[PDB]
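Q: The file below is coords.cif, mmCIF, C-alpha atoms and all ligand atoms:
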data_target
#
loop_
_atom_site.label_atom_id
_atom_site.label_comp_id
_atom_site.auth_asym_id
_atom_site.auth_seq_id
_atom_site.Cartn_x
_atom_site.Cartn_y
_atom_site.Cartn_z
CA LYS Z 1 21.13 -14.17 8.18
CA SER Z 2 18.02 -15.56 6.54
CA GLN Z 3 17.05 -13.33 3.62
CA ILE Z 4 13.65 -12.19 2.49
CA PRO Z 5 11.94 -14.92 0.51
CA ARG Z 6 11.61 -14.12 -3.14
CA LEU Z 7 8.68 -15.32 -5.15
CA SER Z 8 7.41 -15.19 -8.68
CA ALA Z 9 4.17 -13.40 -9.24
CA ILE Z 10 3.08 -15.85 -11.86
CA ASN Z 11 4.52 -19.16 -10.81
CA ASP Z 12 4.35 -18.90 -7.01
CA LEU Z 13 1.11 -16.97 -6.59
CA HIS Z 14 -0.48 -19.26 -4.06
CA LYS Z 15 2.60 -19.13 -1.89
CA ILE Z 16 2.84 -15.38 -1.49
CA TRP Z 17 0.38 -14.75 1.35
CA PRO Z 18 1.38 -17.90 3.29
CA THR Z 19 4.99 -16.75 3.00
CA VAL Z 20 4.19 -13.33 4.38
CA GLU Z 21 1.95 -14.70 7.08
CA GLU Z 22 4.83 -16.85 8.24
CA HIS Z 23 7.88 -14.66 7.80
CA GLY Z 24 6.31 -11.18 7.85
CA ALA Z 25 7.80 -10.22 4.48
CA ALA Z 26 8.24 -11.45 0.92
CA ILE Z 27 9.52 -10.02 -2.30
CA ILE Z 28 7.21 -10.44 -5.31
CA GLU Z 29 9.43 -10.44 -8.38
CA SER Z 30 7.86 -8.56 -11.31
CA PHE Z 31 4.74 -7.57 -9.43
CA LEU Z 32 4.29 -4.78 -11.98
CA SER Z 33 5.62 -4.97 -15.53
CA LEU Z 34 8.29 -2.51 -16.59
CA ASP Z 35 5.77 -0.92 -18.95
CA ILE Z 36 3.31 -0.23 -16.13
CA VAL Z 37 6.21 1.15 -14.10
CA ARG Z 38 7.17 3.42 -16.95
CA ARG Z 39 3.70 4.82 -17.45
CA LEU Z 40 3.07 5.31 -13.79
CA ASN Z 41 6.32 7.14 -13.37
CA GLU Z 42 5.59 9.38 -16.29
CA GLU Z 43 2.13 10.16 -15.07
CA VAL Z 44 3.03 11.01 -11.49
CA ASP Z 45 6.35 12.78 -12.33
CA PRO Z 46 5.11 16.41 -12.32
CA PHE Z 47 2.91 15.91 -9.25
CA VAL Z 48 5.92 14.64 -7.38
CA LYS Z 49 7.91 17.67 -8.45
CA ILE Z 50 5.34 20.19 -7.25
CA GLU Z 51 4.71 18.34 -3.96
CA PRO Z 52 6.01 20.38 -0.99
CA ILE Z 53 7.56 19.05 2.21
CA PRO Z 54 5.39 16.60 4.19
CA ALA Z 55 4.88 19.25 6.95
CA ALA Z 56 4.29 22.16 4.61
CA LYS Z 57 2.68 25.14 6.22
CA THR Z 58 0.00 25.32 3.58
CA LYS Z 59 -1.35 21.89 4.57
CA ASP Z 60 -4.08 21.49 7.18
CA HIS Z 61 -3.13 17.82 7.68
CA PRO Z 62 0.67 18.11 7.67
CA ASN Z 63 2.69 14.93 8.03
CA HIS Z 64 5.20 15.62 10.82
CA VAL Z 65 6.73 12.14 10.74
CA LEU Z 66 8.28 11.88 7.28
CA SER Z 67 11.66 13.46 6.60
CA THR Z 68 11.89 16.80 4.80
CA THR Z 69 13.68 14.92 1.99
CA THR Z 70 10.61 12.77 1.35
CA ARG Z 71 7.84 13.61 -1.11
CA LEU Z 72 4.61 11.67 -0.82
CA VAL Z 73 1.79 11.89 -3.37
CA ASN Z 74 -1.45 9.99 -2.71
CA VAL Z 75 -4.93 9.95 -4.28
CA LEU Z 76 -3.37 8.67 -7.49
CA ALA Z 77 -6.54 7.72 -9.42
CA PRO Z 78 -7.18 11.21 -10.89
CA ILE Z 79 -3.53 11.63 -11.96
CA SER Z 80 -2.60 8.15 -13.19
CA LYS Z 81 -4.25 5.90 -15.75
CA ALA Z 82 -1.80 3.13 -15.16
CA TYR Z 83 -2.63 3.22 -11.46
CA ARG Z 84 -6.39 3.30 -11.74
CA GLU Z 85 -6.58 0.73 -14.50
CA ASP Z 86 -3.67 -1.65 -14.26
CA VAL Z 87 -2.70 -1.45 -10.63
CA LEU Z 88 -6.17 -1.35 -9.06
CA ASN Z 89 -7.13 -4.40 -11.16
CA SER Z 90 -3.95 -6.42 -10.57
CA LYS Z 91 -4.86 -10.07 -10.44
CA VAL Z 92 -1.84 -10.77 -8.26
CA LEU Z 93 -2.80 -8.03 -5.80
CA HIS Z 94 -6.36 -9.31 -5.49
CA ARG Z 95 -5.43 -12.92 -5.00
CA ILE Z 96 -3.06 -11.95 -2.18
CA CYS Z 97 -5.61 -9.63 -0.58
CA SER Z 98 -8.42 -12.16 -0.76
CA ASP Z 99 -6.03 -14.74 0.73
CA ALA Z 100 -5.17 -12.36 3.52
CA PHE Z 101 -8.46 -10.87 4.43
CA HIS Z 102 -11.03 -13.59 3.88
CA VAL Z 103 -11.59 -13.89 7.64
CA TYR Z 104 -12.76 -10.26 7.79
CA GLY Z 105 -14.53 -9.55 4.52
CA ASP Z 106 -14.03 -7.05 1.72
CA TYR Z 107 -10.83 -5.06 1.53
CA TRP Z 108 -10.02 -1.70 -0.04
CA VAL Z 109 -7.22 0.79 -0.52
CA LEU Z 110 -6.24 2.55 2.69
CA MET Z 111 -3.57 4.47 0.77
CA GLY Z 112 -1.99 4.27 -2.68
CA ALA Z 113 0.93 6.73 -2.79
CA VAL Z 114 4.10 7.43 -4.65
CA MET Z 115 7.01 8.22 -2.34
CA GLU Z 116 10.23 9.74 -3.61
CA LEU Z 117 13.35 10.03 -1.50
CA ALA Z 118 15.85 12.74 -2.30
CA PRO Z 119 19.58 11.99 -2.47
CA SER Z 120 21.04 11.55 1.03
CA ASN Z 121 17.64 10.79 2.54
CA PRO Z 122 18.26 9.40 6.06
CA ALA Z 123 17.06 5.99 7.14
CA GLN Z 124 13.70 5.91 8.88
CA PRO Z 125 13.46 4.63 12.46
CA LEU Z 126 12.34 1.02 12.68
CA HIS Z 127 8.55 1.06 12.91
CA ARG Z 128 5.23 -0.67 12.36
CA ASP Z 129 2.75 0.98 10.05
CA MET Z 130 -0.68 2.42 11.01
CA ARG Z 131 0.37 3.93 14.35
CA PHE Z 132 -0.10 7.57 13.32
CA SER Z 133 -3.59 6.97 11.86
CA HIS Z 134 -5.28 3.92 13.43
CA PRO Z 135 -4.60 3.60 17.15
CA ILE Z 136 -7.34 0.97 17.17
CA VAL Z 137 -4.88 -1.48 15.64
CA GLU Z 138 -2.76 -1.43 18.79
CA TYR Z 139 -5.69 -2.75 20.77
CA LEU Z 140 -6.12 -5.90 18.66
CA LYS Z 141 -5.21 -9.20 20.24
CA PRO Z 142 -1.66 -10.11 19.40
CA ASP Z 143 -2.80 -12.97 17.29
CA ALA Z 144 -5.61 -11.35 15.34
CA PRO Z 145 -5.26 -11.72 11.61
CA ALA Z 146 -3.56 -8.74 9.98
CA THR Z 147 -6.08 -6.03 9.13
CA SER Z 148 -3.82 -4.27 6.58
CA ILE Z 149 -0.81 -5.14 4.43
CA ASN Z 150 1.59 -2.89 2.52
CA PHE Z 151 2.93 -3.51 -0.96
CA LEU Z 152 6.07 -1.42 -1.39
CA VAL Z 153 6.64 -1.46 -5.12
CA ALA Z 154 9.98 -0.38 -6.48
CA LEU Z 155 9.60 2.34 -9.12
CA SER Z 156 13.41 2.54 -9.41
CA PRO Z 157 16.21 0.22 -8.27
CA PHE Z 158 16.49 -0.60 -4.56
CA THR Z 159 20.13 -1.18 -3.61
CA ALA Z 160 21.93 -1.36 -0.29
CA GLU Z 161 23.69 1.85 -1.21
CA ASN Z 162 20.62 3.85 -2.14
CA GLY Z 163 18.52 3.00 0.88
CA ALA Z 164 16.64 -0.21 0.10
CA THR Z 165 14.06 -1.02 2.79
CA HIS Z 166 15.13 -2.90 5.96
CA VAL Z 167 12.84 -5.56 7.48
CA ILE Z 168 13.07 -7.77 10.56
CA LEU Z 169 11.82 -11.21 9.54
CA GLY Z 170 9.36 -12.70 12.02
CA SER Z 171 8.87 -9.39 13.84
CA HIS Z 172 5.19 -9.30 12.89
CA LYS Z 173 4.71 -11.81 15.71
CA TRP Z 174 6.86 -10.06 18.27
CA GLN Z 175 5.18 -8.96 21.42
CA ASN Z 176 8.46 -8.12 23.20
CA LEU Z 177 10.39 -5.28 21.50
CA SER Z 178 13.82 -5.47 23.16
CA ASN Z 179 15.55 -7.09 20.33
CA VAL Z 180 14.61 -4.30 17.96
CA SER Z 181 17.76 -3.24 16.33
CA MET Z 182 19.13 -2.61 12.89
CA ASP Z 183 21.35 -5.62 13.61
CA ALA Z 184 18.25 -7.82 13.19
CA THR Z 185 17.35 -6.50 9.70
CA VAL Z 186 17.81 -7.77 6.16
CA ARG Z 187 17.43 -5.65 3.00
CA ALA Z 188 14.90 -5.66 0.18
CA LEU Z 189 17.05 -5.38 -2.91
CA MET Z 190 14.66 -5.01 -5.83
CA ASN Z 191 14.46 -4.16 -9.51
CA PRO Z 192 11.76 -1.73 -10.68
CA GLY Z 193 8.40 -3.49 -10.58
CA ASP Z 194 9.41 -5.87 -7.81
CA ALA Z 195 7.38 -5.43 -4.63
CA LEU Z 196 8.12 -5.90 -0.94
CA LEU Z 197 5.00 -7.14 0.84
CA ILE Z 198 4.76 -6.69 4.63
CA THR Z 199 1.95 -6.70 7.17
CA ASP Z 200 0.95 -3.90 9.53
CA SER Z 201 2.95 -5.67 12.28
CA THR Z 202 6.21 -6.12 10.30
CA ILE Z 203 8.98 -3.95 11.74
CA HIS Z 204 10.75 -2.18 8.89
CA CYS Z 205 12.29 1.11 7.85
CA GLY Z 206 13.38 2.94 4.76
CA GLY Z 207 17.16 2.80 4.41
CA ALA Z 208 19.77 5.55 4.32
CA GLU Z 209 20.62 6.90 0.87
CA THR Z 210 24.46 6.93 0.94
CA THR Z 211 25.38 7.83 -2.66
CA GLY Z 212 24.38 11.48 -2.47
CA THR Z 213 23.37 10.89 -6.10
CA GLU Z 214 20.42 8.55 -6.65
CA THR Z 215 16.72 9.34 -6.27
CA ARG Z 216 14.78 6.28 -5.06
CA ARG Z 217 11.03 6.10 -5.80
CA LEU Z 218 8.37 3.61 -4.70
CA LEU Z 219 4.63 2.98 -4.94
CA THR Z 220 3.21 2.07 -1.54
CA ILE Z 221 -0.19 0.38 -1.65
CA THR Z 222 -1.68 -0.18 1.81
CA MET Z 223 -4.57 -2.60 1.40
CA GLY Z 224 -6.83 -3.06 4.40
CA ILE Z 225 -10.17 -4.48 5.41
CA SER Z 226 -13.11 -2.35 4.47
CA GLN Z 227 -13.99 -2.00 8.10
CA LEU Z 228 -11.04 0.43 8.57
CA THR Z 229 -11.12 4.01 7.31
CA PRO Z 230 -8.67 4.90 4.52
CA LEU Z 231 -5.89 7.38 5.18
CA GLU Z 232 -6.82 9.09 1.89
CA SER Z 233 -10.08 10.17 0.33
CA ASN Z 234 -11.32 9.74 -3.22
CA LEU Z 235 -14.41 11.88 -2.59
CA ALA Z 236 -13.14 14.71 -4.80
CA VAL Z 237 -12.21 12.50 -7.77
CA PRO Z 238 -14.23 13.64 -10.84
CA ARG Z 239 -17.24 11.51 -11.60
CA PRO Z 240 -16.16 10.80 -15.17
CA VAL Z 241 -12.94 9.35 -13.79
CA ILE Z 242 -14.75 7.13 -11.28
CA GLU Z 243 -17.16 5.97 -13.98
CA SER Z 244 -14.23 4.91 -16.19
CA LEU Z 245 -13.07 2.35 -13.63
CA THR Z 246 -14.04 -1.27 -13.15
CA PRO Z 247 -16.65 -2.03 -10.48
CA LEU Z 248 -13.82 -3.57 -8.48
CA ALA Z 249 -11.65 -0.45 -8.67
CA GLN Z 250 -14.66 1.70 -7.73
CA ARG Z 251 -15.14 -0.38 -4.61
CA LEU Z 252 -11.46 -0.10 -3.74
CA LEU Z 253 -11.71 3.68 -3.82
CA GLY Z 254 -14.82 3.91 -1.61
CA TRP Z 255 -17.20 4.45 -4.54
CA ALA Z 256 -19.18 1.28 -3.70
CA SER Z 257 -20.73 -0.30 -0.67
CA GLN Z 258 -18.72 -2.98 1.13
CA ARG Z 259 -19.37 -6.35 2.79
CA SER Z 260 -18.10 -8.07 5.91
CA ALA Z 261 -17.60 -11.82 6.23
CA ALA Z 262 -20.28 -12.26 8.89
CA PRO Z 263 -22.62 -15.07 7.68
CA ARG Z 264 -25.59 -12.70 7.79
CA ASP Z 265 -23.57 -9.57 6.94
CA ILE Z 266 -25.65 -6.39 6.85
CA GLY Z 267 -22.95 -4.47 5.00
CA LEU Z 268 -20.97 -1.23 5.13
CA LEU Z 269 -21.71 2.16 3.52
CA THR Z 270 -25.21 1.10 2.51
CA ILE Z 271 -28.27 3.25 1.90
CA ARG Z 272 -31.58 1.93 3.32
CA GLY Z 273 -30.63 -1.59 2.30
CA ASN Z 274 -29.22 -0.68 -1.12
CA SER Z 275 -25.70 -0.11 -2.33
CA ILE Z 276 -24.07 3.21 -3.20
CA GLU Z 277 -23.74 2.07 -6.80
CA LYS Z 278 -27.36 0.90 -7.10
CA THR Z 279 -28.59 4.10 -5.42
CA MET Z 280 -26.47 6.52 -7.46
CA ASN Z 281 -26.87 4.47 -10.69
CA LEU Z 282 -23.09 4.62 -10.94
CA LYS Z 283 -21.77 3.70 -14.38
CA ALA Z 284 -18.61 1.67 -14.79
CA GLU Z 285 -16.05 1.02 -17.49
CA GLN Z 286 -16.99 4.11 -19.42
CA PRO Z 287 -14.02 5.59 -21.23
CA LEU Z 288 -13.62 9.30 -20.66
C1 LIG F 301 4.23 8.36 8.89
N1 LIG F 301 3.72 7.23 8.09
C2 LIG F 301 3.64 7.45 6.72
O1 LIG F 301 3.52 8.61 6.42
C3 LIG F 301 3.36 6.45 5.77
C4 LIG F 301 3.87 6.51 4.46
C5 LIG F 301 3.64 5.53 3.50
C6 LIG F 301 2.83 4.39 3.81
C7 LIG F 301 2.33 4.36 5.13
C8 LIG F 301 2.56 5.32 6.11
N2 LIG F 301 2.02 5.19 7.41
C9 LIG F 301 2.84 5.07 8.54
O2 LIG F 301 2.36 4.59 9.52
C10 LIG F 301 4.00 5.88 8.64
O3 LIG F 301 4.97 5.25 7.94
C11 LIG F 301 5.12 5.30 9.42
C12 LIG F 301 6.51 5.85 9.74
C13 LIG F 301 7.04 5.75 11.01
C14 LIG F 301 8.29 6.30 11.26
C15 LIG F 301 8.98 6.93 10.25
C16 LIG F 301 8.43 7.05 8.98
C17 LIG F 301 7.18 6.51 8.73
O1 LIG F 302 11.40 4.14 2.19
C1 LIG F 302 11.07 2.92 2.35
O2 LIG F 302 11.65 2.00 1.71
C2 LIG F 302 9.97 2.55 3.33
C3 LIG F 302 8.99 3.71 3.53
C4 LIG F 302 8.12 3.42 4.76
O3 LIG F 302 8.22 2.38 5.33
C5 LIG F 302 7.12 4.44 5.28
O4 LIG F 302 7.17 5.64 4.91
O5 LIG F 302 6.23 4.06 6.10
FE FE F 303 6.45 2.01 6.92
#
Can you give me the file's structure in the form of C-alpha cells?

A:
Amino acid sequence: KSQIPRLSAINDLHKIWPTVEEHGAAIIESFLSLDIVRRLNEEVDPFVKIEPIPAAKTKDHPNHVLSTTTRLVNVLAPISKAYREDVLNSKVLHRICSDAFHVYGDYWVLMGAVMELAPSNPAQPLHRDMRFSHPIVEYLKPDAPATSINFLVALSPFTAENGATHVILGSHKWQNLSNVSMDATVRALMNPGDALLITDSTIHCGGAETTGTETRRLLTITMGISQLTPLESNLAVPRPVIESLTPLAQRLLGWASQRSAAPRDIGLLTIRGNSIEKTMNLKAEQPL
C-alpha cells in the first residue's frame, strides 16, 4: 500500500501542489502552528457546542447528508481572530492555491468550517466533494484542472482508531468507479495542525470513530476559483470586522472584486468598471 505523501510546509513548499496534482492527496506537516490551533479551538468552542444537528428543523438550508453526530460551523471570520488573521493570510495556503489555480484566475474561500465528530461517529461513504452544491463540476471535462481543493486541517489528533480520513490515492483521475472500495484506501494520520490536502475529484471519507471516547475536530478550508459561488456567505459579517482584515482576506471572503486569468479579463463582481473596494471606499487593516 503506498501511503499518503508527507511534506514539510516550510522545506517542501514548492512540492506540495505538484504532489497533490499527481497523487490526489498530500499531508502538509505543521500547516498551522500549535498556537494557532489552540486559539482557533478556543474561539470556536462555544459555537460548536450550541450548533444543532446538520438537519435541524430550525434551519431553512438543512444539511441532510452529514451524520447526526457531526457538528459543522462555517462563516468563521466573525467568531475567530485566529481564522480571519492567521489562517486567511497563510503564506503556505496562498502559495499552494496560486500554484493550483493559476490557469483560471483568482481564488477564494468556498467554505471555511470547523467540523466536530462525536464519539462513535460512523465513517462517511466514499465520496467526491462539491456534488451537493455545484453540479456544474460534474460537467467539466475529465481532465480540466481542479476548480477547488480542500485543506482538512487536524484540530485534534487523527488516528486510525478515532476515524482519521480515508483517501484513495490517484482516484482524482478515475473516470471508471468500479474499483471504489474501502480496500483501496489509506489513512491520514495527523497531529494537530497537520493538514490533508485533496482536490474536488479525490475520493475520500471520514473514518469510523471506534473508541467511543474521543472527539475528533478538524478545520476544512475549501478553496476554489473565484468563478464558482461559495457555499457560505460573509454578507452579514459586521463591517468593522471586514475592515480589520487584510485586502487579501477581504477578497477571499467576497468583500472585493475578483479577476480571471483571461489575457483581457473584464473581471468579476465589478461595478461599472470599478471594484467593490474602490466603490465602497472599503478600509483594510483597521483594528477593531
Ligand atoms: C455534504 N458535504 C458537506 O457537508 C461538506 C462538509 C465539509 C466540507 C465540504 C462538504 N461538501 C461536500 O460535498 C459534502 O461532503 C460531501 C459528503 C458526501 C457524503 C457524506 C458526507 C459528506
Ligand atoms: O471527517 C473527515 O475526516 C472528512 C470529512 C469530509 O470529508 C466531509 O464532510 O466532506
Ligand atoms: Fe468530503

Q: Using all atoms listed in the file, which residues sit within 9 Å of residue 124 in chain Z once same-chain residues fewer than 4 positions away are excluded, as a ChimeraX atom specification?

A: /Z:66-67,204-208

Q: Please list as a PDB file with C-alpha atoms, keeping the file's coordinate frame every residue within 9 Å of residue 98 in chain Z, counting only C-alpha atoms and excluding residues in the same chain fewer than 6 positions away.

A:
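For reference, part_1.pdb as written:
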ATOM      1  CA  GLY Z 105     -14.530  -9.550   4.520  1.00  0.00           C
ATOM      2  CA  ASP Z 106     -14.030  -7.050   1.720  1.00  0.00           C
ATOM      3  CA  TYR Z 107     -10.830  -5.060   1.530  1.00  0.00           C
TER       4      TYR Z 107
END

Q: Determine the nearest neighbour of residue 80 in chain Z from the options Z:149, Z:56, Z:186, Z:36, counting all atoms listed in the file.

A: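 The closest residue to residue 80 in chain Z is Z:36.
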
Q: With distances taken over all atoms listed in the file, which residue among Z:271, Z:65, Z:48, Z:26 lies nearest residue 132 in chain Z?

A: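 The answer is Z:65, which sits nearest to residue 132 in chain Z.
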
Q: Kindly indicate which residue among Z:240, Z:54, Z:163, Z:267 lies nearest to ligand LIG 301 (chain F), using all atoms listed in the file for the distances.

A: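 Of Z:240, Z:54, Z:163, Z:267, the one nearest ligand LIG 301 (chain F), counting all atoms listed in the file, is Z:54.
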
Q: Z:85, Z:11, Z:156, Z:264: which is nearest residue 287 in chain Z, counting only C-alpha atoms?

A: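 Residue with the minimum atom-to-atom distance to residue 287 in chain Z: Z:85.
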
Q: Out of Z:94, Z:272, Z:239, Z:217, which residue has the shortest atom-to-atom distance to residue 117 in chain Z when counting all atoms listed in the file?

A: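 For residue 117 in chain Z, the nearest of the given residues is Z:217.
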
Q: Just how far from atom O5 of ligand LIG 302 (chain F) is CA of residue 158 in chain Z, in Å to one decimal?

A: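 Computing it gives 15.5 Å between the two atoms.
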
Q: Distance CA of residue 16 in chain Z-CA of residue 229 in chain Z, one decimal place?

A: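 So the two atoms, CA of residue 16 in chain Z and CA of residue 229 in chain Z, lie 25.5 Å apart.
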
Q: Could the residues of chain Z that have an atom at most 8 Å from ligand LIG 301 (chain F) be listed as a Markdown table, each with its closest atom pair and the distance in Å to one decimal, counting all atoms listed in the file and ordered by chain and ascending residue number?

A:
| residue | atom | partner | partner_atom | distance |
| --- | --- | --- | --- | --- |
| Z:63 | CA | F:LIG301 | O1 | 6.6 |
| Z:64 | CA | F:LIG301 | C1 | 7.6 |
| Z:65 | CA | F:LIG301 | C1 | 4.9 |
| Z:66 | CA | F:LIG301 | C16 | 5.1 |
| Z:67 | CA | F:LIG301 | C16 | 7.6 |
| Z:72 | CA | F:LIG301 | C4 | 7.4 |
| Z:111 | CA | F:LIG301 | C6 | 7.1 |
| Z:113 | CA | F:LIG301 | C5 | 7.0 |
| Z:115 | CA | F:LIG301 | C5 | 7.3 |
| Z:124 | CA | F:LIG301 | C15 | 5.0 |
| Z:125 | CA | F:LIG301 | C15 | 5.5 |
| Z:126 | CA | F:LIG301 | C14 | 6.8 |
| Z:127 | CA | F:LIG301 | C13 | 5.3 |
| Z:128 | CA | F:LIG301 | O2 | 6.6 |
| Z:129 | CA | F:LIG301 | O2 | 3.7 |
| Z:130 | CA | F:LIG301 | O2 | 4.0 |
| Z:131 | CA | F:LIG301 | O2 | 5.3 |
| Z:132 | CA | F:LIG301 | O2 | 5.4 |
| Z:133 | CA | F:LIG301 | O2 | 6.8 |
| Z:150 | CA | F:LIG301 | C6 | 7.5 |
| Z:205 | CA | F:LIG301 | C15 | 7.1 |
| Z:206 | CA | F:LIG301 | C16 | 7.7 |
| Z:220 | CA | F:LIG301 | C6 | 5.8 |
| Z:221 | CA | F:LIG301 | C6 | 7.4 |
| Z:222 | CA | F:LIG301 | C6 | 6.7 |

Q: Which one is closest to residue 14 in chain Z: Z:120, Z:95, Z:161, Z:212? Count all atoms listed in the file.

A: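 Closest candidate: Z:95.
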
Q: To one decimal in Å, tell me the separation between CA of residue 283 in chain Z and CA of residue 110 in chain Z.

A: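 Distance between the two atoms: 23.1 Å.
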
Q: With the input short on atoms, add N, CA, C and O atoms back to range 30-43 of chain Z and write it as a PDB file, in the frame of the given file.

A:
ATOM      1  N   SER Z  30       8.696  -9.037 -10.201  1.00  0.00           N
ATOM      2  CA  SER Z  30       7.860  -8.560 -11.310  1.00  0.00           C
ATOM      3  C   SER Z  30       6.390  -8.400 -10.984  1.00  0.00           C
ATOM      4  O   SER Z  30       5.554  -8.794 -11.739  1.00  0.00           O
ATOM      5  N   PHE Z  31       6.101  -7.810  -9.841  1.00  0.00           N
ATOM      6  CA  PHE Z  31       4.740  -7.570  -9.430  1.00  0.00           C
ATOM      7  C   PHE Z  31       4.074  -6.695 -10.493  1.00  0.00           C
ATOM      8  O   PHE Z  31       3.002  -6.968 -10.897  1.00  0.00           O
ATOM      9  N   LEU Z  32       4.738  -5.629 -10.887  1.00  0.00           N
ATOM     10  CA  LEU Z  32       4.290  -4.780 -11.980  1.00  0.00           C
ATOM     11  C   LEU Z  32       5.277  -4.860 -13.139  1.00  0.00           C
ATOM     12  O   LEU Z  32       6.493  -4.845 -12.932  1.00  0.00           O
ATOM     13  N   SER Z  33       4.755  -4.929 -14.361  1.00  0.00           N
ATOM     14  CA  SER Z  33       5.620  -4.970 -15.530  1.00  0.00           C
ATOM     15  C   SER Z  33       6.376  -3.654 -15.676  1.00  0.00           C
ATOM     16  O   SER Z  33       5.943  -2.598 -15.205  1.00  0.00           O
ATOM     17  N   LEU Z  34       7.515  -3.722 -16.367  1.00  0.00           N
ATOM     18  CA  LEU Z  34       8.290  -2.510 -16.590  1.00  0.00           C
ATOM     19  C   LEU Z  34       7.483  -1.458 -17.332  1.00  0.00           C
ATOM     20  O   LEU Z  34       7.669  -0.256 -17.104  1.00  0.00           O
ATOM     21  N   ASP Z  35       6.580  -1.886 -18.212  1.00  0.00           N
ATOM     22  CA  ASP Z  35       5.770  -0.920 -18.950  1.00  0.00           C
ATOM     23  C   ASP Z  35       4.807  -0.185 -18.018  1.00  0.00           C
ATOM     24  O   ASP Z  35       4.644   1.037 -18.124  1.00  0.00           O
ATOM     25  N   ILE Z  36       4.154  -0.905 -17.107  1.00  0.00           N
ATOM     26  CA  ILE Z  36       3.310  -0.230 -16.130  1.00  0.00           C
ATOM     27  C   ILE Z  36       4.135   0.723 -15.277  1.00  0.00           C
ATOM     28  O   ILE Z  36       3.711   1.846 -14.989  1.00  0.00           O
ATOM     29  N   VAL Z  37       5.332   0.317 -14.895  1.00  0.00           N
ATOM     30  CA  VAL Z  37       6.210   1.150 -14.100  1.00  0.00           C
ATOM     31  C   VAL Z  37       6.553   2.441 -14.829  1.00  0.00           C
ATOM     32  O   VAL Z  37       6.575   3.497 -14.275  1.00  0.00           O
ATOM     33  N   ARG Z  38       6.872   2.291 -16.096  1.00  0.00           N
ATOM     34  CA  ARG Z  38       7.170   3.420 -16.950  1.00  0.00           C
ATOM     35  C   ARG Z  38       6.022   4.420 -17.052  1.00  0.00           C
ATOM     36  O   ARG Z  38       6.211   5.592 -16.919  1.00  0.00           O
ATOM     37  N   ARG Z  39       4.835   3.936 -17.323  1.00  0.00           N
ATOM     38  CA  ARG Z  39       3.700   4.820 -17.450  1.00  0.00           C
ATOM     39  C   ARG Z  39       3.329   5.514 -16.154  1.00  0.00           C
ATOM     40  O   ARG Z  39       2.966   6.654 -16.139  1.00  0.00           O
ATOM     41  N   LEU Z  40       3.392   4.769 -15.078  1.00  0.00           N
ATOM     42  CA  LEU Z  40       3.070   5.310 -13.790  1.00  0.00           C
ATOM     43  C   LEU Z  40       4.044   6.405 -13.436  1.00  0.00           C
ATOM     44  O   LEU Z  40       3.655   7.436 -13.007  1.00  0.00           O
ATOM     45  N   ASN Z  41       5.320   6.157 -13.649  1.00  0.00           N
ATOM     46  CA  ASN Z  41       6.320   7.140 -13.370  1.00  0.00           C
ATOM     47  C   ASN Z  41       6.123   8.404 -14.196  1.00  0.00           C
ATOM     48  O   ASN Z  41       6.237   9.470 -13.710  1.00  0.00           O
ATOM     49  N   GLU Z  42       5.798   8.240 -15.449  1.00  0.00           N
ATOM     50  CA  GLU Z  42       5.590   9.380 -16.290  1.00  0.00           C
ATOM     51  C   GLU Z  42       4.373  10.199 -15.910  1.00  0.00           C
ATOM     52  O   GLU Z  42       4.362  11.395 -16.010  1.00  0.00           O
ATOM     53  N   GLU Z  43       3.351   9.518 -15.457  1.00  0.00           N
ATOM     54  CA  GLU Z  43       2.130  10.160 -15.070  1.00  0.00           C
ATOM     55  C   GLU Z  43       2.228  10.911 -13.764  1.00  0.00           C
ATOM     56  O   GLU Z  43       1.732  11.977 -13.662  1.00  0.00           O
TER      57      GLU Z  43
END
